[PDB]
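Written out below as structure tokens is the structure these notes cover.
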Amino acid sequence: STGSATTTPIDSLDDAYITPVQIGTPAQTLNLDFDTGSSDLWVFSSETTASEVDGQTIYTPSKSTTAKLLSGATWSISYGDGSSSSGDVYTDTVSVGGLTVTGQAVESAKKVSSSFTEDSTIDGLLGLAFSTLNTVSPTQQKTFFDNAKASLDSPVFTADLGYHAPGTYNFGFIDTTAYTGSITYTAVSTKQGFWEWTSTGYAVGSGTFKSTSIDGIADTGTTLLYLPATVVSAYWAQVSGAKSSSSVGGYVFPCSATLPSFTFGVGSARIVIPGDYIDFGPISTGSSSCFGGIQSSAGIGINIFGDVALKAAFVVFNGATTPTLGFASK
């Protein structure tokens with residue numbers, strides 16, 4: 001089997017992407033944030049504290065003939081940006097782009113933090129990291145991908161995110177029309193539960209490539225590109241007037257600037273992020289100070305290849321016995 005679904009930016013800055021997911025019988029369609037940095041599929045639901053719902057579409061298990069309460073199971077998760085959610089668990093039928101899993105754990109939110117409440121366009125998350133990170137207790141549950149794996153034509157899914165435009169998540173096959181040149185594969189460590197790999201270096205604009213190992217995670221659920229302070233300083237030094245602002249919370253730059261590109265290494269290959277991808281607009285409405293899309297990972301504790309980097313590439317998440325990551329230009 002295979003699946004194929006379109007993923008769409010939630011706003012004009014590509015702050016996140018939502019993908020339609022069918023849950024239950026008859027189908028209830030919710031727009032979920034596919035997150036390769038976590039491993040819980042959770043949804044706004046009929047059980048969610050009413051004051052904490054503001055425009056989201058909710059899952060109502062009592063209206064699904066295939067929903068079963070997973071007796072005794074609960075979940076609770078906190079993300080790298082400080083947000084959180086928690087609740088109980090159902091199993092139900094879940095389909096993504098034509099691909100169906102029966103008995104998928106659907107984690108029903110009783111509580112969500114304010115950032116989720118304020119995001120009316122995101123109805124929940126669908127985790128695509130390794131199932132070892134799943135928070136369901138006392139019986140840990142598998143991701144949608146893990147459950148589908150055996151039925152897939154090939155044990156892979158691919159992320160093809162757009163710049164200010166729709167893109168695609170495919171399951172079970174590699175669309176050879178969706179990228180240019182070849183796909184370069186690189187080793188993955190599953191030791192922390194993430195799609196963790198090592199980039200072979202970087203370049204700033206038309207500058208020379210610096211060979212240097214950068215350990216990081218491929219995380220579709222993170223907006224920006226977070227890299228070591230040395231790398232990030234070298235990038236923003238090429239932008240007149242750019243500075244790190246503790247009051248704003250990172251590097252800002254004059255909105256009148258033309259940003260240079262940023263290149264990252266995948267083995268001997270190179271992915272080029274155009275300068276425009278690194279512009280996240282005025283820090284506040286009407287300001288002439290703009291927020292940078294490349295930020296320091298110092299204090300996060302890990303480097304994150306988020307959407308800024310991933311949307312410049314066609315990315316293969318290979319879930320073979322020995323997992324690997326593939327990157328191609330597009």
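All residue numbers here begin at 1 and follow the chain in the order shown.
Each Cβ is built from the backbone N, Cα and C atoms, and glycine gets one as well.
Over in Swiss-Prot, the protein carries these features:
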{"type": "ACT_SITE", "residues": "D35", "note": "active site"}
{"type": "ACT_SITE", "residues": "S199", "note": "active site"}
{"type": "DISULFID", "residues": "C255-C290", "note": "disulfide bond"}
{"type": "DOMAIN", "residues": "17-328", "note": "domain 'Peptidase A1'"}
Densest Cβ neighbourhood among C255, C290 (disulfide-bonded residues), 10 Å radius: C290
Number of other Cβ atoms within 10 Å of the Cβ of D35 (active site) across all protein chains: 21
Euclidean distance between Cα atoms of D35 (active site) and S199 (active site), Å: 20
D35 (active site) versus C255 (disulfide bond) - Cα distance in angstrom: 30
DSSP-derived class (H/G/I helix, E/B strand, else coil) of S199 (active site): strand
